[PDB]
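S.K.: Residue numbers (the authors' numbering), protein chains in the order written: chain D, 2 to 525; chain E, 2 to 525; chain D', 2 to 525. A prime marks a further copy of an entry chain.
The C-beta atom is built at its ideal place from N, Cα and C for all residues, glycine as well.
One structure coming up, written as structure tokens, with questions to follow.
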Amino acid sequence: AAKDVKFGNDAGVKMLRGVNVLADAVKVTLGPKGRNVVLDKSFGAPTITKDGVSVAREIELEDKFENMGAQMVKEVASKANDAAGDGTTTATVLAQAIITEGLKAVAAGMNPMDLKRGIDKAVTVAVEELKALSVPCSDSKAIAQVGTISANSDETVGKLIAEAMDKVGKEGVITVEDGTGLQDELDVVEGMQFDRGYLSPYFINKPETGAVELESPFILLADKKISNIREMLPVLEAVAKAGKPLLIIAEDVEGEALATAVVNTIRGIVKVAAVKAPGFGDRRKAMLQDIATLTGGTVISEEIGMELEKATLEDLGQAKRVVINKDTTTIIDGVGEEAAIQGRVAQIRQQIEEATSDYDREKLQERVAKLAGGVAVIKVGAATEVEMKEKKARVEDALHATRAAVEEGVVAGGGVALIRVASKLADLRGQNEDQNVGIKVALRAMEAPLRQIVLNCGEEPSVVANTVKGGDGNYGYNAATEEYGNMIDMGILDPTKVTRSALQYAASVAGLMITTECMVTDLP
Amino acid sequence: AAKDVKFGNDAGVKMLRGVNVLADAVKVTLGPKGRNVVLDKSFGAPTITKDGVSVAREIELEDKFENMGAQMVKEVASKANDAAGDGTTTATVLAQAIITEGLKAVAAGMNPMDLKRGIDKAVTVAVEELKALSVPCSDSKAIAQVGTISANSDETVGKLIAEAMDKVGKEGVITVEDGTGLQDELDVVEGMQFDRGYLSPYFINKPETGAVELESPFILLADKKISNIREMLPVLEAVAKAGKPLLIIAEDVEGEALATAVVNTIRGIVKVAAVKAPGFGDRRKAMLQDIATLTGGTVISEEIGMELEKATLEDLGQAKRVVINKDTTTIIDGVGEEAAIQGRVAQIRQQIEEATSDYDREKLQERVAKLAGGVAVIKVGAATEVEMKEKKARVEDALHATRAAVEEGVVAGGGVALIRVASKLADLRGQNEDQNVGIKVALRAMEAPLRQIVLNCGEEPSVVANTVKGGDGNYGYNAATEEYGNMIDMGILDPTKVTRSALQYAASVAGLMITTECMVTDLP
Amino acid sequence: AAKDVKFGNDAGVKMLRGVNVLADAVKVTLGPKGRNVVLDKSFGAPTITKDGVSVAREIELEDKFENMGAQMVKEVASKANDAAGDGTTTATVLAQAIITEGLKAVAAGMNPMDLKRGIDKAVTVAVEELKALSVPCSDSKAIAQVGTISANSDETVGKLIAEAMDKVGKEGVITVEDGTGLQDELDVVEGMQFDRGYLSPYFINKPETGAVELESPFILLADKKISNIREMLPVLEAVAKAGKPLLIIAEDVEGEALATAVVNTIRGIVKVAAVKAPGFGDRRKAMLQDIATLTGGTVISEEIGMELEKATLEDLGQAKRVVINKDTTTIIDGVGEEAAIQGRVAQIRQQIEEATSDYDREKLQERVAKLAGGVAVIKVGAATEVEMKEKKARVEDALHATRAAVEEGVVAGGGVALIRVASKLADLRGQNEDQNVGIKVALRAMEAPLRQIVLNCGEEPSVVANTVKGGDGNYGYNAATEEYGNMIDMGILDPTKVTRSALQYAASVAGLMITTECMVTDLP
């Protein structure tokens, strides 16, 4: 359709306005003294929330250009939460900061490309600095401390996490489920998890968390690309007769007839979810085998002349439960044959011993790790179903926070780590002056989160920032108690991974936006 | 419907406005320091891009006249990319330049026809000059150097290209596919390629590249003109039963019932693509035979009393994969019979020996070349599916750049070749003064690309252009490092074919537009 | 009246707009290829001019704020012409340049006060550099060369100047008058000149040059402050009876009754001009004596009981002619008594010998210099009254240019001196980064005049500037011949004083304007 096109500063003011609406709405919720945000609902009474992610989700602007600015920052900042399990609001606050001052410099005549180089440099060094400031979290004592901190100081949740991680490894697969009573339960089970999410977002099940749970599903393993439902109908019918849901693990499901029907048609009659087989090339085939033996099912491969038209229920595998999300599939309890699973693990173990290269060995043992590793299932018990459900949420949150913590450590929370590394980089320079202001732009932006936090406290942000900067190490301001001190000792910290992801993604969009000369959108 | 008609300068200002919007939007992305362009999407978050071809694709204007101007330049400039595999944005920048100054002269009272003759002359001589400035790229060392340069200095990609080209000829057919693992693979296979594109653009498949891939398709060869689906339904049903896609190679498919249903109806149920048989007259029939034997299928000819109503699956040929685009069809792995294929090649080889004219011999051997030539398939391997997919793109790009390079050599990139040849033509003259300004208009326009590139660098374009022009040979400005030097040594070059196609097509529309006196369009 | 008040950037854009109208109108006339400007007149046919001072005089804007911006730059830039006899347009061009980029930086968030400090520093050093680049003009050969150059290469005018200056000193008082015939005449005459201009601009006589000529006027010396006409009427009557004009040299004339009547009433009946007595304190009295003896008149001092009520014609002095302007009064031919004048000069000469301090000696000899110096009168002869009048103008212009040249030398004209000193100051820095951009702002602005000059030539200003900067010494671009070379040898130069005044005044307003936060004006 006829388009509306904007160039330079015109497009600049437009994006800045859309970003400021998004950022200003979301940032009010930042910190222990964060304010509420009311989100209207046609469904009934408005929702009062402090979850900056929920607010962002509702932000859409009327002006096509301004809306483009907001949707850009929203997309990138969301990648932070996906990556580190948190960081979206901080990413938005930083983004707004870098974009605001970056565009000012651009409008002052500075070179966009240089400004971006400077911003990029400061971020590189700053990430190094965060890495240095990081406090590791490896021992079970640490793991529990982080866990309870994330679970709002719940010693029990920390224990659970630490116990699960100890019983399955810090990088092992751990799930959280509803308890059967008062007592918590933990049991490692034959299972597996691979980095492959649902093909269609429309597969989301009851779990509001943006996931899909399937009780006793039938796993269908086919290394073919299923684009049409025709050669799969018989299976679907049989599955339907069983009343059990279905999980389709194929090379890829094309939205021509299969994914089309599986979604558009199966909106209640059946529970079917589809995901891509892990890996590519030959490994894709091997892994499907691992999954097959694990679930006790067989893979349908055209190479062997296997026909989905003849795929009977016995070919389908099964698991106690399966949880799929944006980019992961976890097979919780494979109905596989213990000895068979052990046989494969041994078979692959042998292959590793006779490997002729590092690459082969690596991938080979990654597979045995999955099969031989198992899944640790946490069953959150409580006195009442309400408590149980609430605690379960806490466990899920703490689990993510802790995993991120074991991976890259922990750093002073409250927006102090960012303002810390920034104070160090005061002598950093670049190939030229534009690059230098670029560097300054990033450094000043690193103070935005703390200043926002102190703003919601009704305190003076430039005074607290000035004070925190003058200090050293993990010395900061505790907005909860509104007293200065050692952030780590005060138990106010964030996984270094979320602070890093937040900064990097924020700098990413800020950079793109600062080096954008033209915007194209449909006319109203 | 009632039309709106414009004449002379009125139509002139209209087209100029439509061209300036299109060119200004697209040219911001030119050069190593090219800026970003945001393209709104209703599908979700906007797309931030630097691909001038993507931007152009989105340009549609509200004013009917201005939009005509833009659509004209877009259509011709796109032919450059199709021809040389690149050149569209440069073609647009040049076009804008020639059109801007041409119309000024026209409005000054100069003769449009003369102005165009002058422009046309300058381009003829300039193309000769580019030919002279060209550095050949024939030896495998050169082929690899160009290949890696195109693959962002990836020695491996250059190797691949050179290896493939050596194993199948520099003008042989080479395809790129996904790897089966870490290692790259290369294997010549039974295949063929002819200059015939898809009948309907609506046949475009998953490949966003404006192409269509078909895995294990059934090739239908019919030298009849299929306008109605009736006499083809039985075949379609059988194909459907096989679940395999279909490729229809017929004399021509008419949009009455066949192309209508094949597109409008087959939007998911089946995968059907249609293309015209190669050549015309008797050759059309002969070639279809070649394709038939190659794919192992048989041609349905009304001459022999063949009825499509009775066309069974055994009549249909098959290939491992088929890729069709705007103006080409490539049969990657014909399931033909080795001996049969060899028999035909021999049969035609004999025919060549007993040929009674140059024309006969020529076309005869063009056919044996296709059959006896084979297709070189490159399998891009990598450590991860992401890497593999990214590298594969690089290989595809480098492959096109290199093929263009072997054909017409290579020339100083960065908009330097055009400004070079232009500095030489300073004494060129024509039949008269109007023709002379015509010549000047084109020569000055040849500086547009470099000046744009330098503009995006934040540098002074008239100073760099002045300096580059004063130099000689492949001496230019390296916008990457922002230093002058020998473009070829600095590894900054373009295939002479793209620079040529860009200039010629740009001058084409510029000429038409400059000699346009009336525009007709529907009223709003 | 109710006011309209603006602050910060709002007032910024307003002043910038008013300055751009003023500067853009005036700068079109810059250089040998300067364009014309048409200034409407109700009096008859429009005036076509290239005199940037005339254009500026006509610039008044509708918007009260924008007009304030224009009137500010006009007032300061005019001080340059007053000081060095030229420089107004250059001052305007520079001012526009410094203001344009200064305000950009301010709007970018830079500190106004710092920016101004930087600008001020660059100007200080640059003036030093100009002083160093200066070519002295002292010997009569030089004086003549500069003179003819100013007189459009007229060897005769140069001769005249050099002859006059030699016959009366380089810092002596020289006047230009109409010739009595074909031959030029030059004669030193009993006269004097002091730095005191007319009290009311409404005293301007026939000389359109903004001056007042009085033939055989009666000089009235009164050290009293004349605010009322009452005690002066008798004198005025007597003067009227003589029909001769009158020059009133008093301590000060107050606009209550005297200056009121002398102007508002004497608009044709009499020719009366008034100026303040030179110096202050006791010196004011002494000097009046010198003037008295010089003109042969007597001073009326209340101290001695002198009453203006009784001031007869014999008390009034007389001179062949008197010329008064904005800030100077020149008594051309005092009817004093040779011996009396010689007596005073001797009397003061004695006082100098018995002086007890440097200050006394200095001022004492400044007085004898005036009396004993005399005035050199140049009589411009020609073949026709038209030629005579035209040549006379040339002599007056050349005389001013040359005097400025003897005082501070001469520098490469054509906007080359400014771009020269600027290229040297590339390493200059200040107390901080804002101060640094301030410095850069000034340096870049120093290129504006040459770039404008080359712009009017239809040439590329950034190319010529780049070339001139790369050169060294007085190497520049001759816009007249449009060839590079040694500006001084090519005879293209400006008195160092005008280039200096232009830069300083330009930086003055630019600084004030850049550090202005609020503007107040009446509402429309």
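In angstroms, rounded to a whole number, what distance separates the CA positions of residue 18 (chain E) and residue 415 (chain D)?
M.R.: Roughly 53 Å separates the two Cα atoms.
S.K.: For residue 448 (chain D'), name the three-state secondary structure that DSSP assigns.
M.R.: Residue state, collapsed to three classes: coil.
S.K.: Between residue 505 (chain D) and residue 65 (chain D), what straight-line distance do the alpha-carbon atoms span, to the nearest angstrom?
M.R.: Roughly 27 Å separates the two Cα atoms.
S.K.: Confirm, please, whether the CB-CB distance from residue 413 (chain D) to residue 475 (chain D) is below 7 Å.
M.R.: In contact: residue 475 (chain D) and residue 413 (chain D) (Cβ atoms closer than 7 Å).
S.K.: Let's test the definition: count the other Cβ atoms within 10 Å of the Cβ of residue 478 (chain E) and tell me whether it reaches 16, buried, or not, exposed.
M.R.: Per the 10 Å Cβ criterion, buried.
S.K.: Rounding to the nearest angstrom, what Cα-Cα distance links residue 227 (chain E) and residue 252 (chain E) in this structure?
M.R.: C-alpha separation (whole angstroms): 8 Å.
S.K.: Under 6 Å Cβ to Cβ from residue 197 (chain D'), same chain only, skipping five residues before and after it: list those, please.
M.R.: These residues qualify, in order along the chain: 276, 277, 279, 330.
S.K.: Where residue 186 (chain E) and residue 461 (chain E) are concerned, what is the direct C-alpha to C-alpha distance, given to the nearest angstrom?
M.R.: Going by the C-alpha atoms only, they are around 47 Å apart.
S.K.: Pull up the CB-CB distance for residue 325 (chain E) and residue 193 (chain E), whole angstroms please, since I reckon it's below 8 Å.
M.R.: Actually they are not in contact, since the Cβ atoms of residue 325 (chain E) and residue 193 (chain E) sit about 13 Å apart, beyond 8 Å.
S.K.: Starting from residue 193 (chain E), follow its DSSP beta bridges and name the residues at the other end.
M.R.: DSSP, once it has assigned bridges, lists E:332 as partnering residue 193 (chain E).
S.K.: Quick check: is any heavy atom of the ligand ADP less than 6 Å from the C-beta of residue 115 (chain D')?
M.R.: With respect to the ligand ADP, the structure offers nothing, as it holds no ligand at all.
S.K.: Provide the residue(s) that pair with residue 8 (chain E) in DSSP beta bridges, ordered along the chain.
M.R.: For residue 8 (chain E), which the question treats as bridged, DSSP gives the partners E:519.
S.K.: Determine whether the beta carbon atoms of residue 379 (chain D') and residue 152 (chain D') lie at a separation below 7 Å.
M.R.: Against a cut-off of 7 Å, the Cβ pair of residue 152 (chain D') and residue 379 (chain D') comes out as no contact.
S.K.: One question on the structure: do residue 361 (chain D) and residue 286 (chain D) come within less than 7 Å of each other, judged by their Cβ atoms?
M.R.: Contact flag unset, no.
S.K.: Note down, in chain order, every chain D residue with its Cβ under 8 Å from the Cβ of residue 103 (chain D').
M.R.: Near residue 103 (chain D') there are no residues of chain D at all, since even the closest Cβ is about 11 Å away, more than 8 Å.
S.K.: Can you give the Cα-Cα distance for residue 469 (chain E) and residue 486 (chain E), rounded to whole angstroms?
M.R.: Near 9 Å, if we compare the C-alpha coordinates of residue 486 (chain E) and residue 469 (chain E).
S.K.: DSSP beta-bridge partners for residue 219 (chain E)?
M.R.: According to DSSP, which records beta bridges pairwise, residue 219 (chain E) is partnered with E:247, E:319.
S.K.: Whose C-beta lies closer than 6 Å to the C-beta of residue 53 (chain D) among residues of the same chain, with five residues either side of it excluded?
M.R.: Cβ within range, chain order: 27, 30, 90.
S.K.: What's the gap between the Cα of residue 38 (chain D) and the Cα of residue 51 (chain D)?
M.R.: Each residue's Cα considered, the two are about 6 Å apart.
S.K.: Please return the same chain residues whose Cβ sits closer than 6 Å to the Cβ of residue 211 (chain D'), not counting the five positions on each side in sequence.
M.R.: Contacts found: none.
S.K.: Nearest-angstrom Cα distance between residue 13 (chain E) and residue 122 (chain E)?
M.R.: In a straight line, the C-alpha of residue 13 (chain E) is about 23 Å away from that of residue 122 (chain E).
S.K.: Verify the CB distance criterion: does residue 519 (chain D) have a CB-CB separation below 7 Å to chain E?
M.R.: Closer than 7 Å to some Cβ of chain E, the Cβ of residue 519 (chain D) qualifies, so yes.
S.K.: Which chain D residues are close to residue 269 (chain E), counting only those with a beta carbon under 7 Å from its beta carbon?
M.R.: By Cβ distance, chain D contributes 257, 258, 261.
S.K.: For residue 195 (chain E), which residues in the same chain have their Cβ closer than 6 Å to its Cβ, ignoring the five residues on either side in sequence?
M.R.: Same-chain partners within the cutoff: 279, 330.
S.K.: Give the DSSP-derived three-state secondary structure of residue 274 (chain D') in the structure shown.
M.R.: Residue 274 (chain D') falls in the strand class under three-state DSSP.
S.K.: Pull up the DSSP beta-bridge partners for residue 253 (chain E), would you.
M.R.: According to DSSP, residue 253 (chain E) bridges with E:226.
S.K.: Check whether the Cβ atoms of residue 318 (chain E) and residue 298 (chain E) lie closer than 7 Å to each other.
M.R.: It is a contact, given that the beta carbons lie within the stated cut-off.
S.K.: Compute the Euclidean distance between the alpha carbons of residue 451 (chain D) and residue 397 (chain E), then round it to the nearest angstrom.
M.R.: Each residue's alpha carbon lies about 48 Å from the other.
S.K.: Quick one: residues in its chain with C-beta nearer than 6 Å to the C-beta of residue 301 (chain D), no 5 flanking neighbours on either side, listed in chain order?
M.R.: Excluding sequence neighbours, residue 301 (chain D) sits near 223, 307, 309, 312.
S.K.: Inspect the CB distances between the segment 386 to 405 of chain D' and the segment 75 to 90 of chain D' and report whether three or more fall short of 8 Å.
M.R.: Contact holds: three or more Cβ-Cβ distances are below 8 Å.
S.K.: Are residue 167 (chain E) and residue 141 (chain E) closer than 7 Å when you measure CB to CB?
M.R.: Cβ distance < 7 Å, so residue 167 (chain E) and residue 141 (chain E) count as in contact.
S.K.: Have a look at residue 508 (chain D) and residue 161 (chain E) and give me their C-alpha separation to the nearest angstrom.
M.R.: Straight-line Cα distance between these residues: approximately 36 Å.
S.K.: With a cut-off of 8 Å on the beta carbons, I'd call residue 409 (chain D) and residue 496 (chain D) a contact; round off their distance for me.
M.R.: Sure, about 7 Å apart at Cβ, within 8 Å.
S.K.: Does the segment 366 to 382 of chain D' come close enough to the segment 434 to 454 of chain D' to have 3 or more Cβ pairs within less than 8 Å?
M.R.: They do not touch, by the three-pair rule.
S.K.: For the beta strand (DSSP E) containing residue 179 (chain D'), list its first residue and its last residue.
M.R.: Per DSSP, residue 179 (chain D') belongs to the beta strand (DSSP E) from 174 to 179.
S.K.: Between the segment 231 to 240 of chain D' and the segment 346 to 353 of chain D', are three or more C-beta pairs nearer than 8 Å?
M.R.: Judged by Cβ distances under 8 Å, the segment 231 to 240 of chain D' makes no contact with the segment 346 to 353 of chain D', as fewer than three pairs qualify.
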